């Protein structure tokens, strides 16, 4: 009724091996979802896999497996990847699901009955071996990018969608809705796209050519083009028509994507929505490329590919998540490297945060009978309660890196305070004063740990446990001072961020 958050990631080609790009987009969507859940929002986080098309079908036959059984198996790679990365999604939609088929056909019908679909002839360069058309731009030296052999000009009957009909509306909508396309730079890129005619697009191909997919409701002899099929996942996962999920979350839809698929989301998708009579989404948030160490786009031929699972294996889920969120301004092409993750890990996590927790524990045993002291005013550290309010807008404006920098700045402030006040000296002439300074550091760690939870869920809970603090938290708790209770801390606690 009041606070609702809906975020989606693109559904990935089911047969593609999970890589850094997939990992990044999903981790960002997870941070957003986790953050809004923490801030009291009714949240829905969607992700999934695109499993239709002749390419996957071919792959299945190649492997000598039934197509459905094939996608059931390979989709597991993404599910395992998300499990490994600690992604807490609410739903994992697969385009083979029955509910997806029903929504796609129901939407196709509306658009059909609305007069935006006609039968025409598709002509162009064709590779009979790939059984698909190719634009000169797709050919590699005028040859099939797959078979590396010449292509021929063929014709094929296809049903088409009158997308151009909606260009005028779309151009005006984007012009009137300045914040629709998030990172500013991409809005201009899309406005440039909408400048020229966008024409009509093929929305189907004969089942004889593409046998894997959703049939058109008015012609079971044709299969819905994968582009159209995949995009509707955003509403089919909400059971669009009658689903209460659709009524609840669609009005707050936030789509996260890599710039690679900007056109389909900023141009195709909006016209489909308008044609079907579905409200526009609230925001399209465009991410940039994660470049290799050398600053160039990642590619095997360049040998600058960075494996996210190798990094996760070596440094751990939390270290990787924190690094991707802190080091990369969302939307800005940025180089990534193990060395950068390592430095970030050792500096920010092992030193700044981890060691502070460890020496706080030590000092609590030395000057506080191994427990949290009685609460006292925060004084110079009370400002920590203002961080949540400062970070909210940052997070919502996709400035995750700035949000994390400010949270860590407070952590550095806590370190600075101890070395400044020196409770080990105050204890000499006045222990009570030493216990007051200690309480302030513990309460500060509590607040900071809350703000960082969406980035490092497991490790922040472990930090909380290490200080005997309430483990499950709410962002609102980070806005009040004196909540840490004077209870005993665990006799022993493992090193929060161990050396790697």
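Numbering follows the first chain given and starts at 1.
Stretch comparison (432 to 440 versus 467 to 475) by mean CA B-factor in the PDB entry places 432 to 440 on top. Checked against the record, the higher mean CA B factor of 171 to 179 and 274 to 282 lies with 171 to 179. When the C-alpha B-factors of 319, 256, 426, 325 are read from the PDB record, the largest value belongs to 426. Among 341, 404, 194, 398, the highest C-alpha B-factor recorded in the PDB entry belongs to 194. Among the modelled residues of its chain, residue 480 has a C-alpha B-factor that falls in the middle third according to the deposited record. Residue 224: CA B factor lies in the lowest third for its chain, per the PDB record. Residue 186: CA B factor in the highest third of modelled residues in this chain (values from the PDB entry). Ranked against the other modelled residues of its chain, the C-alpha B-factor of residue 264 as given in the entry falls in the lowest third. Among the modelled residues of the chain, residue 233 sits in the lowest third by CA temperature factor in this PDB entry.
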